[PDB]
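Contents: one structure, followed by commentary.
First listed ligand is number 1; within each ligand, the first listed atom is number 1. Numbered from 1 within each chain, the chains take letters A, B, ... in sequence-line order. Just so it is clear, the values below take in all heavy atoms, side chains as well, and ignore hydrogens, waters and symmetry mates.
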Protein chains: 4
Amino acid sequence: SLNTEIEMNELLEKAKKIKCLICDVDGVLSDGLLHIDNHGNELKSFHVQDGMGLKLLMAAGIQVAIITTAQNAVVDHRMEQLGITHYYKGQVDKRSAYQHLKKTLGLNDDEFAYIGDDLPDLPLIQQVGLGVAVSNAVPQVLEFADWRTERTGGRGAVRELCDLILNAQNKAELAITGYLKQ
Amino acid sequence: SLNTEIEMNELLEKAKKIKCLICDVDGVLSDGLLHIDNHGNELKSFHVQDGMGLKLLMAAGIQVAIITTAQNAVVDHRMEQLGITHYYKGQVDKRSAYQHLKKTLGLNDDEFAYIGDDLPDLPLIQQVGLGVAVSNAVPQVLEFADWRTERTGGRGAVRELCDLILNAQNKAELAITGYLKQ
Amino acid sequence: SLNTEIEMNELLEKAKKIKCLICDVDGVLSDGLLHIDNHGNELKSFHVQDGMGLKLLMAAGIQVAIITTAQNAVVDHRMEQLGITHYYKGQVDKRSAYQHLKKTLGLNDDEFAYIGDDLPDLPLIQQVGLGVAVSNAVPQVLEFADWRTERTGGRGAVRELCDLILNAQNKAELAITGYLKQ
Amino acid sequence: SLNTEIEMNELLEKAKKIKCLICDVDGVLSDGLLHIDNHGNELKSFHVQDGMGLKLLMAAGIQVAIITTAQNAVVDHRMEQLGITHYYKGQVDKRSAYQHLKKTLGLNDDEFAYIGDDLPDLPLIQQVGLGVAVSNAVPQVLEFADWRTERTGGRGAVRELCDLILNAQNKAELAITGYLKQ
Ligand SMILES: [Ca+2]
Ligand SMILES: [Ca+2]
Ligand SMILES: [Ca+2]
Ligand SMILES: [Ca+2]
Ligand SMILES: [Ca+2]
Ligand SMILES: [Ca+2]
Ligand SMILES: [Ca+2]
Ligand SMILES: [Ca+2]
């Protein structure tokens with residue numbers, strides 16, 4: 001209809017500006033599960049299509065960052081795997097890490113996207129240019145985000161956002177070409 | 001309709017009284033799976049939104065307790081992570097642990113909520129003020145509970161109950177504010 | 001309708017005779033997944049409601065057995081957890097293990113139930129009194145079984161069969177009572 | 001309708017020619033998840049029905065190969081379990097491995113099937129006789145494949161392709177017979 005075209009255009013205009021995507025970890029890059037053993041070892045589960053999404057953004061000159069409440073070494077191992085250097089762990093209130101990232105990169109609020117699932121993500125989701133909820137996000141986060149993914153956290157929701165941004169900016173071909181050559 | 005309004009109000013009136021939520025572990029705080037390796041190590045998988053749910057109740061002055069048949073050290077590690085001190089392990093029949101918790105806290109039956117999935121939860125679900133079934137509960141538990149969650153165990157069902165209670169008591173803002181300041 | 005009543009009765013008459021349930025492991029007591037690490041350690045994931053199902057059958061005097069192609073020690077650890085002594089590992093063709101179990105127990109073919117998901121289960125599913133497919137079974141197994149569960153393997157499908165058998169035989173109350181007293 | 005019959009026949013004619021199935025690993029033989037622990041150990045999860053699918057192809061004289069970007073030892077352990085000798089790891093661009101496999105086997109492009117989920121699979125999916133997308137594949141891969149499975153990667157999608165090929169070639173009975181005799 002007329003309304004879905006308008007809304008689709010307004011979303012595309014937000015995504016056209018994006019120079020950095022920020023992700024939360026648990027519930028967004030993961031399914032939300034914390035796997036714990038009898039000895040207290042911990043694991044999380046990440047999805048390969050999301051890891052490819054982040055690598056495609058970076059191949060296209062779009063920066064990637066993480067801001068998480070998680071503190072464990074699983075996060076460090078995953079960030080190292082993906083070559084993500086801008087990341088912040090143990091952040092219970094996330095506003096201060098966002099402001100630090102903003103200073104580091106020199107970007108306007110509207111040049112960030114942020115994808116979240118729970119209440120501590122809410123102020124970042126409302127502040128940035130493109131605030132995104134995974135489909136399994138808590139009710140307030142689904143309510144107040146600019147957009148929500150079809151897929152759930154850890155199942156390709158972050159890839160869906162990566163592809164939206166690349167497509168909006170006509171960088172999808174650049175990204176895969178650049179990725180495949182490294 | 002008239003009937004859904006009445007029922008919604010009756011549920012809210014139960015939730016308004018709640019001073020302690022009691023959870024079962026396997027099938028409720030987890031998906032129900034027991035992951036076992038070749039050496040007999042075991043793991044369970046918990047969900048971060050449920051862990052946040054429990055922390056929000058506690059930030060709002062609502063106590064949390066666990067009563068489980070599980071005996072393994074996974075449970076202890078998770079309870080320590082969440083700062084939950086009232087918990088009972090290896091309880092095959094759960095009535096005696098409930099009565100002990102009741103004595104410890106000094107609460108009326110109707111000031112407890114209990115969220116369960118299987119037959120040993122049934123007498124507790126029927127006795128407390130707000131007896132809750134996860135959506136994947138066995139048929140009798142779904143039948144006799146006061147309410148059932150939309151979500152399944154380990155996927156945010158306990159968070160859905162936490163949010164119902166906080167919302168009923170107008171403590172949702174208090175809870176997130178209090179959480180974010182620690 | 002008339003037809004669903006007939007079929008429901010014919011299924012109940014099969015279940016009334018059952019003196020032993022036989023389960024396959026991978027895909028039936030599990031989701032089907034084999035979790036493998038970098039060092040070749042392996043895990044499988046079992047569901048607590050299915051473990052309770054098997055314990056309820058045994059509390060009601062119904063025997064339980066496993067016949068599996070799996071050979072790894074995960075299976076032994078799980079059987080020990082559940083107190084299941086009649087079980088057969090590494091059986092690629094399963095007919096010979098079934099005949100051995102039949103000799104051991106002294107039962108007629110029609111006093112066995114068998115729940116399976118893949119082609120090597122087919123001859124057992126067709127031979128026993130109550131041959132059952134998990135809902136995620138391969139197409140031929142769904143086709144030729146007497147009945148299929150609503151739930152998938154490792155998610156409570158075996159419990160659904162346990163409850164059908166107990167209900168048919170009016171042993172559900174006996175079973176939970178007997179379980180809760182040990 | 002007339003159109004679904006034509007398309008079903010055209011798909012069957014592709015599958016009749018197949019002398020080798022090539023699979024990707026992560027997202028195709030797995031759910032896509034990478035499970036990572038605090039020490040950097042990694043696991044993936046494979047599905048037993050897919051492992052049986054591959055063994056049935058091989059019992060019927062159809063070769064199996066893997067081409068993956070994954071480099072970790074999980075892959076080697078799984079290939080050894082399944083007796084798959086033709087496989088290629090760490091391939092970021094996959095075209096060169098395909099050409100090497102083609103030389104090794106002496107087959108025409110149209111005698112290969114390939115099942116994929118992400119952009120680096122696309123040129124192989126378009127080149128081979130039967131290019132297949134798992135149902136959870138990224139949008140371009142779903143778009144350009146000859147066929148897509150109903151099931152998702154790691155949940156029996158590869159088995160669904162194995163069964164299509166065996167059925168098209170009237171080798172399903174040969175395959176199970178041959179499997180069950182080893
Ligand atoms: Ca989160
Ligand atoms: Ca906004
Ligand atoms: Ca339970
Ligand atoms: Ca009640
Ligand atoms: Ca099986
Ligand atoms: Ca039969
Ligand atoms: Ca892949
Ligand atoms: Ca093609």
Answer yes if the side chains of [X] and [Y] hold a donor-acceptor pair under 3.5 Å, and no otherwise.
X         : Y         : value
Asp118(D) : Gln49(A)  : no
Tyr87(C)  : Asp76(C)  : yes
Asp93(D)  : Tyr179(A) : no

So, is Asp26(C) placed with an N/O/S atom under 3.0 Å from the Ca ion (ligand 5), counting both backbone and side chain?
->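 Given the 3.0 Å cut-off, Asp26(C) counts as a ligand of the Ca ion (ligand 5).
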How is the N/O/S atom of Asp24(C) that comes nearest to the Ca ion (ligand 5) named?
->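 Of all N, O or S atoms belonging to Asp24(C), OD2 is the one nearest the Ca ion (ligand 5).
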Looking at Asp117(D), the N, O or S atom sitting nearest the Ca ion (ligand 7) is OD1
Inspect the surroundings of NZ in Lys19(A) and state if more than 12 heavy atoms from other residues, nucleotides or ligands are less than 6.0 Å away.
->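 Count not over threshold, so no.
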